[PDB]
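These notes are about the structure you will find just below.
Positions of Cβ are backbone-derived with ideal geometry, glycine not excepted, and every protein chain shown enters the neighbour counts. What follows is calculated from the coordinates using simple rules that are stated; it is not laboratory data.
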Amino acid sequence: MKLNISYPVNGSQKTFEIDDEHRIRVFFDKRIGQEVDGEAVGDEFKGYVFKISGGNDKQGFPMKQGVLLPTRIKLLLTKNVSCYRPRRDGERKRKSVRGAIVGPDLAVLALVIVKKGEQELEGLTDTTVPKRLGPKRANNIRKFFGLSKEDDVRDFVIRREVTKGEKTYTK
Amino acid sequence: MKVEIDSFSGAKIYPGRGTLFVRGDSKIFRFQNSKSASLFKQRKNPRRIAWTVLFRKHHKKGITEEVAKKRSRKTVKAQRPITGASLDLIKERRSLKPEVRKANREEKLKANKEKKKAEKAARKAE
RNA sequence: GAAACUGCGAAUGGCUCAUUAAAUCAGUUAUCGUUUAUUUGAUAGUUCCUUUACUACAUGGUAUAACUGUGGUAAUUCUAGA
RNA sequence: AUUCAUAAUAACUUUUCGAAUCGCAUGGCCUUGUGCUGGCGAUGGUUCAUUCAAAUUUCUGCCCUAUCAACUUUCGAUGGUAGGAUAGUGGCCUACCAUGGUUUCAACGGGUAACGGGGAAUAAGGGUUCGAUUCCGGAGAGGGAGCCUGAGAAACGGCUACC
RNA sequence: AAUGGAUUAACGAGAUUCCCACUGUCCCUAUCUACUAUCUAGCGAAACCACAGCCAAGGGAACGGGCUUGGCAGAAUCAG
RNA sequence: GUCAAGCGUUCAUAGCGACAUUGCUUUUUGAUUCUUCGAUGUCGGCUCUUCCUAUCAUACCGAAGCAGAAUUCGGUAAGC
RNA sequence: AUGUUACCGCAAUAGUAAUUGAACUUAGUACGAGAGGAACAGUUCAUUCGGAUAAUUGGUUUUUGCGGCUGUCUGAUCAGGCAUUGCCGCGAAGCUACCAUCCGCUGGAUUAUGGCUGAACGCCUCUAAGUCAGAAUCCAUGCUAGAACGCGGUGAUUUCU
RNA sequence: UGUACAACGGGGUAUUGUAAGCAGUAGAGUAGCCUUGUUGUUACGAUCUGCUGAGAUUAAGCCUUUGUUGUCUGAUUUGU
């Protein structure tokens, strides 16, 4: 099986090809939002605790929230909802999914960390991806920094230097 | 192996124990026992049958599953820079914000500038 | 200035004549019995609601996409996760 | 021709509109302040009217058939009252009530190699026949049903199901 | 062809064929119930009876319980 | 079964085998009337066992006008 | 009935059972000009028959166990009787089903047939003496009963009778 | 006269489907009350909800018992 684990503060993410079939039998019959023990799955993950975010089973059909079963279903989905993007306004659509219970049918299980255990993880905690963008709005910058109502966000602006050739500029 | 759930009673069906039914519409039902099977053939409603899990959960009996939703009593705790602002100098200028005579003097400069602007504009208009 | 968000439009055109014999249709009336985007002409002194501190108006809050990357199906204009 | 337009009393509203939008140009007063004012626009915006529409609607008119003369009303057929729905009248639908309504001046039923019309061939006149078919109005998207989005669709080069 | 012929609606515990339903008739049998059988106490017949009661072949009135030659042969008995 | 005129492209016999002929069986049908007329319950089916083999199939083999497949003839064989 | 009684055994004799097919593979190979088209071994399955068993499923249900239903009687209720087991639904246990499941042995002598050496018949010949392999055959292994007049081994064998 | 036996009781396992009794600001409603409510009260009224996966039955050929109460020398026969 695979565990697509993520650490959201570091913004990091990695897949882990898991075996120890019984240390994933623990994951069996589990819902979304629930948090089980890193040590229980793996002493390499000793002390850690994750949260079962979701996952794709075979045939790539994701895990959807709220349905409360492991078996697959055909839902007449609509906008503002996971597992369907509408290619037109108004289009509802019947699509197949898998539900919010964990079992062998799954192939990749998506996890998020809420607490960092005692040891350190190679591709999640030792690393941290930066914030790709800076806040583009005045007050968002202003409150992000904690300056004032008048501290000139215009000069607190972000400047991201890049070189076209040798001419360089922050754009 | 796996264990499953009676359509009617909603009970674990250990392997072999029990019957299975496949309606013409390809709906696969499972029954732990001929009791459930016979009721199903009678077209009964388990939500009305009392000993069933559906009635149990519809009348809210044995409700030890749900507890509450947790809440954190704090903030995000990141007054960080925006990757192009040098957070040290950012906090330094945030602290220089009070005692605002600097921005006030810049305003006074641009203010006398607007004075002279209207003056010279009227001069050019004349 | 791609992609993407957004706004429009995608209900026109084009094709066929299966349906349908007071039905469509044609002329002829009405809406004093109704909707009408769009255009076009005009048109919002009165929005502090214990209305005195209850509230920035040289102006307020929220994502979320695109993107970064993890990716999952044999396949889908398939899609989740951070 | 109105209980019209329109105005005011008294309240209702889960609260509608009353510009936190954008490009150019930068103009004037000095109470010398980033004070105050200012233009040409685009966008959107409540109401009314307009325009392109849309839906219903009055009179008249449709081929052959009586080897089809009674038809309609159970469970709407005709009307009325009240209400619901509609964007709107109204059996459109319901509750209740009267039992009516069409018919040889051919109802109703059947058939149609029938979509209709503007028109075409053909002729002294009268006329007969054709007219799917370039324009107008209708219907449909393989048959049916349903519905979302939207001002506008019962959309099909859009969704849902069944066949 | 009133020693009646040809039809004939309805009627028939009439004879016959097929279809629908239905079904333990059947594939293929199983299970249950009461009354029996069964055992007991008590009562208590009948039919039938040359004598009796193990098979094979032989021949024989040509298909024997008996005779012949072989096989075999172990008290008394219950249910069927 | 014997014999073999002939058929079989040619060749009687791989396989068939007319005309002639020797036998077997008692599953037919006759013929007979021994037993049985002071009664042996009389067709078939159903059920159920057992037996023979003149073997349909299956086991092993031989021959062929048997390339292979398919087929035909024949042997031990009645286990199934 | 064998001296008694109990236990463990032997095993004469009799009975006997397992049967057939398909599929994949061998192989589109061999063979065949082509057309077409094999086989042994191996594997998985089934047919028929048999012998058990009841975990599962099904059936059966006087558990007259639970609940309900009708009519009627017990003043009404509660709880019950009668209805030739009143009726329905569920229904354990037990019984039971190719309607369910499990299992169904391997060695020798042989036939037919093909052969080895080998004379008679100075050759030759499977035969005459001798001899090899060989079948759903036959007999043993195995399985069933155990001679009630077949047997063996072992234990304890009565007292103030 | 004992890791003895038996009848009851208990526990478990199974079957069934939520007992009677009480209460209800539940209840189609219909009548009557008046201080005419805002749960108005009262009589009747299937049924519903809570106590209640409650109650009942459970070896008779289910399992198990630190429990309770009891039982435990009647007859006959047998010899190498």
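Structure summary
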{"quantity": "Residue in the range A:21-33 that is in contact with a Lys or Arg (Cβ under 8 Å, 6 or more places away or on another chain) and either within 30 Å of B:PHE29 (Cβ to Cβ) or of a type outside the set (S, T, N, Q) (or both) present", "calculated": "yes"}
{"quantity": "Members of the range B:59-115 that are farther than 30 Å from B:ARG47 by Cβ, assigned to a loop (DSSP other than H, G, I, E, B) and among the acidic types (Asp, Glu)", "calculated": "B:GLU99"}
{"quantity": "Condition met for A:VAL153 (closer than 19 Å to B:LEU87 by Cβ, more than 9 Å from chain B (Cβ to nearest Cβ), surrounded by 17 or more Cβ atoms within 10 Å (Cβ to Cβ) and in contact (Cβ under 8 Å) with a residue 12 or more places away in the chain)", "calculated": "yes"}
{"quantity": "Single residue of A:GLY90, A:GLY33 found to be surrounded by fewer than 17 Cβ atoms within 10 Å (Cβ to Cβ), without any contact (Cβ under 8 Å) to a residue 60 or more places away in the chain and within 24 Å of A:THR125 (Cα to Cα)", "calculated": "A:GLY33"}
{"quantity": "The range B:18-48, subset within 14 Å of chain A (Cβ to nearest Cβ) and not hydrophobic (A, V, I, L, M, F, W, C), residue nearest to RNA strand G (Cβ to nearest atom)", "calculated": "B:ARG30"}
{"quantity": "Count - residues of the range A:124-149 that are part of a loop (DSSP other than H, G, I, E, B) and more than 7 Å from every other protein chain (Cβ to nearest Cβ)", "calculated": "11"}
{"quantity": "Options A:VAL102, A:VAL108: the member that is away from RNA strand G (no atom under 16 Å from the Cβ), surrounded by 13 or more Cβ atoms within 10 Å (Cβ to Cβ), in contact (Cβ under 8 Å) with a residue 40 or more places away in the chain and within 14 Å of another protein chain (Cβ to nearest Cβ)", "calculated": "A:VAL102"}
{"quantity": "Selected residue (criterion: nearest to A:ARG160 (Cα to Cα)) from residues of the range B:92-126 that are among the acidic types (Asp, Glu) and away from chain A (no Cβ under 14 Å)", "calculated": "B:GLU114"}
{"quantity": "Per-region count, the range A:65-93, residues under 21 Å from the mean Cα position of the chain (by Cα) and within 16 Å of RNA strand D (Cβ to nearest atom)", "calculated": "6"}
{"quantity": "Number of positions in the range A:86-113 that are part of a strand (DSSP E or B), under 16 Å from A:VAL41 (Cα atoms) and among the β-branched types (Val, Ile, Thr)", "calculated": "3"}
{"quantity": "Test: residue in the range B:73-94 that is within 16 Å of RNA strand G (Cβ to nearest atom), on the phi > 0 side of the Ramachandran plot and without any contact (Cβ under 8 Å) to a residue 60 or more places away in the chain", "calculated": "no"}
{"quantity": "Qualifying residue in the range B:65-77 (condition: surrounded by 11 or more Cβ atoms within 10 Å (Cβ to Cβ), under 30 Å from A:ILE141 (Cα atoms) and among the β-branched types (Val, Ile, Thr))", "calculated": "no"}
{"quantity": "The lone exception for B:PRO46 - which of (1) closer than 30 Å to A:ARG142 by Cα; (2) more than 15 Å from RNA strand C (Cβ to nearest atom) it fails", "calculated": "(1)"}
{"quantity": "Verdict on B:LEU89 being within 10 Å of chain A (Cβ to nearest Cβ) and either among the β-branched types (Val, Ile, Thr) or surrounded by 10 or more Cβ atoms within 10 Å (Cβ to Cβ) (or both)", "calculated": "yes"}
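A quick yes/no check of all residues on (1) part of a loop (DSSP other than H, G, I, E, B); (2) within 30 Å of A:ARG25 (Cβ to Cβ); (3) in contact (Cβ under 8 Å) with a residue 40 or more places away in the chain:
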position: B:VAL3; (1), (2), (3): yes, yes, no
position: B:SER7; (1), (2), (3): yes, yes, no
position: B:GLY10; (1), (2), (3): yes, yes, yes
position: B:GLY16; (1), (2), (3): yes, yes, no
position: B:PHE21; (1), (2), (3): no, yes, no
position: B:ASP25; (1), (2), (3): yes, no, no
position: B:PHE29; (1), (2), (3): no, yes, no
position: B:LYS35; (1), (2), (3): no, no, no
position: B:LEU39; (1), (2), (3): no, no, no
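Residues checked against (1) surrounded by 14 or more Cβ atoms within 10 Å (Cβ to Cβ); (2) part of a loop (DSSP other than H, G, I, E, B):
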{"site": "A:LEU3", "(1), (2)": "yes, no"}
{"site": "A:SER6", "(1), (2)": "yes, no"}
{"site": "A:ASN10", "(1), (2)": "yes, yes"}
{"site": "A:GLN13", "(1), (2)": "yes, no"}
{"site": "A:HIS22", "(1), (2)": "no, no"}
{"site": "A:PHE28", "(1), (2)": "yes, yes"}
{"site": "A:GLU39", "(1), (2)": "yes, no"}
{"site": "A:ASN56", "(1), (2)": "yes, no"}
{"site": "A:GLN59", "(1), (2)": "no, no"}
